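Next up: just one chain, as structure tokens, the form deposited in one PDB entry.
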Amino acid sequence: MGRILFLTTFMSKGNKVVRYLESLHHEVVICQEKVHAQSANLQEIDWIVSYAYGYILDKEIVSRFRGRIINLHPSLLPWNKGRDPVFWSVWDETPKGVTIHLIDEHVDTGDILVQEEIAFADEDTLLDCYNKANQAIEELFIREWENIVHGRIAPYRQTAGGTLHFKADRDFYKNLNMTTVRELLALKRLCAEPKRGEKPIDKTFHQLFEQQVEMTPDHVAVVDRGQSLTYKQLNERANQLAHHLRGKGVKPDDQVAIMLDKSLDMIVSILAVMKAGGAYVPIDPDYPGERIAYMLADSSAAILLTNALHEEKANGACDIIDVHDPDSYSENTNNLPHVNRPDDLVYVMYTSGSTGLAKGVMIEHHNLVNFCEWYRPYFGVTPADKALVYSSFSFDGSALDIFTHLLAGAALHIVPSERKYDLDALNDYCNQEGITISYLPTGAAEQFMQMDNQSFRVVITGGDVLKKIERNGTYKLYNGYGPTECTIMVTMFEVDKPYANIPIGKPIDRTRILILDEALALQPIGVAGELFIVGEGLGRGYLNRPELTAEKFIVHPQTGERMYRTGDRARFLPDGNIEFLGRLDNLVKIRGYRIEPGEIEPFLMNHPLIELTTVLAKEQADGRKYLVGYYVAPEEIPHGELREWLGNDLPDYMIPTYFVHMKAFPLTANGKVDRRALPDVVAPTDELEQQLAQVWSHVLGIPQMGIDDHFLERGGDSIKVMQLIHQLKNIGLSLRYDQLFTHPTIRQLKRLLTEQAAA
């Protein structure tokens, strides 16, 4: 006999429990609603049995039914009180079980009536576990109910401790419902927040460098052509320049612009800016003065380090310090007093952001120190090593080249433009000088694999999708990834096999990588999503662009971690390696350069003849993209003019390699234009001229190219020039990079045989 109120919100009314209870001639009132004290279905009730009831009973009821309200909670009850107990048992790797217990004032803290341990298998899904747990607790209830109703079971207190979860705690994990135990813990291990006690970065870059100098002062720090500087020599010179900089009022977090070509003076001035206390802003002297003015405007830089050669390219915009004027260097050669702390800026580099002119990416000392401190032991760089300073001065590839190796006591070899494009000669230099390790952009690196090289032990590549891995050296090859906003690379991969999609590898020190969906929730391993970065790699954000910083540098709503929303799509592979999958937004990597097409379209448009422009990135069927500038106009505009037009405001790498005239743009009914629709794509007298035409035909993917056509106007870019040079070397005679631009048609090139007939 006796009446039982069965409370549930998730279990059905045909539960094994309910059917069993009335089988024993209890009338079981089933209730799936919220109840209060005065409620009409509470007067003649003897037992309350709650199973997965989604509300808390007001204490008046639990007090009126002391000892007669039992709850079924599928958890080893000290552990995983509250919601989603089985899920949390797995994730938090707690003991597993089910508990029948008495209800109290608080959430599941009442004394245990019956409890029993249960086990999950690695291959059970989260839903499987949930069911197995329910099945277990229902049968436990059925076996022991007779004992409970007769009150012959001694209740015992739960052991102190345990965990508790509310409904929302599982939001972040909402996409994991169908995952298995193995996959879920694997996912956990990959994204598990490190345990407290992880060591923070306690020093700034220039601080660690000074240490490196103290230990190996007479080792060669940097080499340019025949000239070189030791660590002691380099440290002292930078110090002298640094004192002057601080004397002119440079303070921590101050921007100091540097406008120089690759040289010893460049390394000296960079180090001087750090040691002085501020952060350096690299300004390519071959940039349009307008562009140079802008970088100087956006940056608050009151001081500019430059040579007499490039001085007015700043157009009096800023106070100038000549790196070749002896007045610029102080007598003092001792290391400056430290005034910078690790979260201070170390440098500011401009990259193409999503909208407007350009963004100044702020990178901090601890960021840079983290990357170097990872780099040295990872690649086992010793003072015995020698590294090439290849990448341009305004991109973090140079930061990779310069900083990581100086802290290892290795020697930097400045690559002058003399060999920069001629990789055959660069290779010879390497074999001659014994260049053991360096970073080459994907475009250069893929071409450098062709060189007969015995010099290298390790080469690192990144910044564009790596396609080729066949190489003629015995050195190891590495592919890394990382946006400029997160301090050079956050992820590294050792290329061991060929791949259709070469992974970008695993995260570096003090960094975690999260693949999240649009709701910012975890994606299962193997499942694509947006790539999020967490840790020491994150910069301060965009200079004077706080709104944009807020968008890309988010505080995660469920986790509260500062995270960088890359805009990159990616996935975890089973081996833990990350695989890059492109981007939804129209932002592209052109020859390793970050490029927003919408940054170029407006400069194209203010041309007095065109009225509408869109520029797109297209593939070479080699897996990477080139820029095409689409413009509407009365008549075709000569490629040369457009190039110079844009060239007055934009850096050369931003200038498209193809321009397409259209009389009209195709339009979708909804929107302005449908991008998808835009179309895609004189014999020589002597035979020597002919034998130049076909190498040219190959390099530009052109059949039977006419001699009188301009190299640039036929899709020529720097890498296409490089390939042409080596193709002219392997089966022909030698040509320089700069010579090719002065003589861009084959006709002028044919004239080059005057140079060797003169010899």
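Sequential numbering from 1, following the sequence displayed.
*Does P95, which is modelled here, drop out in at least a third of the other compared PDB entries?*
Per the records, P95 is modelled in all the other entries.
*Should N235 be counted as unmodelled in at least a third of the other PDB entries compared?*
Other entries vs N235: none skip it.
*Which fits the stretch between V681 and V682: none, 1 to 3, 4 to 9, or 10 or more deposited residues lacking coordinates?*
10 or more residues lack coordinates between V681 and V682.
*Mean C-alpha B factor from the entry: is it higher for 672-680 or for 452-460?*
Higher mean C-alpha B-factor: 672-680.
*asked:* When the Cα temperature factors in the entry are averaged, is it 618-626 or 251-259 that ends up higher?
replied: If you average the C-alpha B-factors of 251-259 and of 618-626, the larger mean comes out for 618-626.
*Can you pull the Cα B-factors for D517, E596, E198, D169 from the entry and say which is highest?*
Largest recorded C-alpha B-factor: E198.
*Just grab whichever of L164, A119, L667, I153 has the top CA B-factor as deposited.*
Comparing C-alpha B-factors across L164, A119, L667, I153, the maximum falls on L667.
*Within-chain third of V660 by Cα B-factor, per the entry*: Middle third, going by the recorded CA B-factors of the chain.
*Can you tell me which third, lowest, middle or highest, the CA B-factor of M362 falls into for its chain?*
Ranked within chain, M362 CA B lands in the lowest tercile.
_Considering every modelled residue of the chain and its Cα B-factor in the PDB entry, is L345 in the lowest, middle or highest third?_
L345: CA B-factor falls in the middle third of its chain.
*Chain thirds of CA B-factor: placement of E579*: It falls in the bottom third of the chain.
*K467, C-alpha B-factor rank within chain (lowest, middle or highest third)*: Highest third.
FYI, the form deposited in another entry isn't displayed, but the following is about it.
*Rigid-part rotation between this form and the one not shown - which of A154, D585, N670, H25 lies at its hinge*: Where the rigid parts turn against each other between this form and the one not shown, we find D585.
*asked:* Distance change of 3 Å or more between the C-alpha atoms of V495 and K625 in that other deposited form: closer or farther compared with this structure?
replied: Distance between the C-alphas of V495 and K625: longer in that other deposited form, by 3 Å or more.
_So the CA-CA distance for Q523 and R594 moves by at least 3 angstroms in that other deposited form. Closer or farther than here?_
So the answer is closer.
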